[PDB]
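A short worksheet on the structure shown next.
Because the Cβ atoms are built from the backbone with ideal geometry, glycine has one as well, and the counts that use them run over all protein chains shown. Derivation of every value follows stated rules applied to the coordinates shown; laboratory data play no part.
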Amino acid sequence: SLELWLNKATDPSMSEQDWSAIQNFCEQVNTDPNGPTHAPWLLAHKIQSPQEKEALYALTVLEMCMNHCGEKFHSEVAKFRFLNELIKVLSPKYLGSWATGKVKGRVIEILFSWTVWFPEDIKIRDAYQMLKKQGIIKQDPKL
């Protein structure tokens, strides 16, 4: 099941991330019909974790699934509702986020990469720009 793999793939007790589980997760996402509509929220929660390793791992899982899953999953992540969850990590408000700067940087990196690899995704473009406008993302990262 999705949960199963995701938790193996994001386990913070692991000195290293179980790469095989990550692959297993993104495959279930195409497999199970719930996958597209449930996986993003499962991911979103872990990315917002106060446990940094759990967050990073998840960011990596997210990164891998966007690249390997099909149009359905892609479609869900490309929606604003989901992007807004990603963006909460970048909250500039006092105690607005318990995410480390490492995590925030990663989110920022992942977002720009998307604006570049998927120019067809409007909400994604608009969000990155919005962040840019709000001063939350000073300047574009690498790739």
Mind pulling the angle between the C-alpha long axis of helix 122-133 and the longest principal axis of the chain? Nearest 10 degrees, somewhere in 0 to 90.
50
Check each of the trypsin sites (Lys or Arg not before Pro) in segment 60-143 and keep only those in coil by DSSP with at most 15 other C-beta atoms within 10 angstrom; list them in order.
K79, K93, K138, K142
Percentage relative contact order, the chain, counting C-alpha pairs under 8 Å, at least six apart
20
Euclidean distance of C-alpha centroids, segment 64-129 and segment 16-51, integer Å:
15
Report the charge-dipole magnitude of the chain in Debye, nearest 20, computed about the Cα centre from +1 at each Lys and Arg Cβ and -1 at each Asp and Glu Cβ.
760
Could you give log10 I(q)/I(0) at q = 0.30 Å⁻¹ for segment 31-93, computed by the Debye formula over C-alpha point scatterers of equal weight, without solvent?
-1.39
Mind checking the angle between helix 52-68 and the chain's longest principal axis? C-alpha axes, 0 to 90 degrees, to the nearest 10.
80
With a sphere of radius 12 Å drawn around the Cβ of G35, what net charge do the other residues whose Cβ falls strictly inside it have (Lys, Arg +1; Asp, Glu -1)?
-3
As a test of the definition: which semi-axes, in Å, follow for the chain when you take the square root of five times each eigenvalue of its alpha carbon gyration tensor? Largest first, please.
23, 19, 12
